[PDB]
Each structure stands twice: as structure tokens, then as C-alpha cells.
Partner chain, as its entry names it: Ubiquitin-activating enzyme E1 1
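The form deposited without its partner chain is given below as one chain in C-alpha cells.
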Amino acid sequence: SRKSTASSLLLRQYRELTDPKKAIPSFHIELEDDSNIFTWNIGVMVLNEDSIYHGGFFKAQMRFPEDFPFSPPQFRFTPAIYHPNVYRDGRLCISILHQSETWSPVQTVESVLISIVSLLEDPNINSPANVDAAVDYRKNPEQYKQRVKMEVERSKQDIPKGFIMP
């Protein structure tokens, strides 16, 4: 009921983010089991040539509550990546997904995803989920860069067969 309303709202956004003319090339969107509208498997791409993340295909899972959009989704990198705002188990800590800028019911999946790729490139080192990565980011940029490069290379193993990287 609230679940029914949430599922219709999520389907509308899913269709926008997967319709050939509305899709955003940075984000490859699928549903869990090709049918669960409340759990999306997302491939995050960093199209900015400047980024140490460029060329990766970072798999993640976005889980939506049954009262969406009145509560935020959760977002987990699968596998975890080395980033100041990513917990060791892959959970992303980002202000737009905190209740109650924090989450609001006018936020969309598109706005969250945009915020996430922005945070990849510009981490919040003042509120770090991974203090090791936060320290490396500012004090050991070459160490940080080499760790991210390794993870970029690892991530290419998750590019689905047939998928055409943007």
C-alpha cells in the first residue's frame, strides 16, 4: 500500500534511468533478479578522463525502503572500494542518505547517483568512514592513487559480457 505507492514511484524512475533516450551513461541500472523493484544492482562509471577512477565499472547495490521516498535508500559498493566515505564492508556514508543536505522526499534516484559520483571525485575527508583512506587522500596521494588504480583494474572483471563501456 505504502509499499504499492513506493513501487510505482521507483518503477517510474527506473524507466527514466534505463530508457535509451533518458539513461545517463555514468550509471548502468538493473534490478535484482531482473524483477525486484526495491533492490537495484548498479554499475557506477566515472566518465571524467581526469579521474583516477576513470575506466572502472564499480558494482553497487541500492536497497529502497517500502515507504520510499519518505525514507532514504541504502547504497553499498560490492565489493567495497578504498575511499574516505566508504566503510570496509562497502556501505557508502553520504549526507543525502542520512535521515531526516540530508534526505528529503523530493530527492530522486538520479540526484542520489549524481551525488555519489561527485563524492567519488571529491571525498568528504572531514567526516570519514575510512580514516586510513582519508589520511592517504591528503598525505599520501601516490599511495592513494595506486590503491585506486588496482581497484579500477579489478572492477573491469565485473563489466557484463556484451556491455559497451561509454
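Positions refer to the first chain, counted from 1. Rigid core here is just the name for the largest C-alpha set that superposes within 1.5 Å across the two forms. Only residues modelled in both forms are compared.
This next part talks about the form solved in complex with its partner chain, which is not shown.
*Asks:* 44-52, 107-115, 120-128, 22-30: which one contacts its partner chain in the deposited complex at 4.5 Å, heavy atom to heavy atom?
*Replies:* Residues of 120-128 come within 4.5 Å of the partner.
*Asks:* Check whether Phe38 has any heavy atom within 4.5 Å of a heavy atom of its partner chain in the deposited complex, and answer yes or no.
*Replies:* Yes.
*Asks:* Taking its partner chain as it sits in the deposited complex, is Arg12 near enough to touch it, meaning that at least one heavy atom pair lies within 4.5 angstroms?
*Replies:* Yes, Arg12 lies within 4.5 Å of its partner chain in the deposited complex.
*Asks:* State yes or no: in the deposited complex, is some non-hydrogen atom of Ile81 no more than 4.5 angstroms from a non-hydrogen atom of its partner chain?
*Replies:* So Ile81 does not count as contacting its partner chain.
*Asks:* In the deposited complex, does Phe70 come within 4.5 Å of its partner chain, counting heavy atoms only?
*Replies:* Yes, contact at 4.5 Å.
*Asks:* Determine the segments between the shown form and the other one made of three or more consecutive residues whose Cα atoms all move at least 2 Å, using the rigid core for the superposition and only residues common to both forms.
*Replies:* Core-superposed, just one run shifting 2 Å or more comes out: 1-4.
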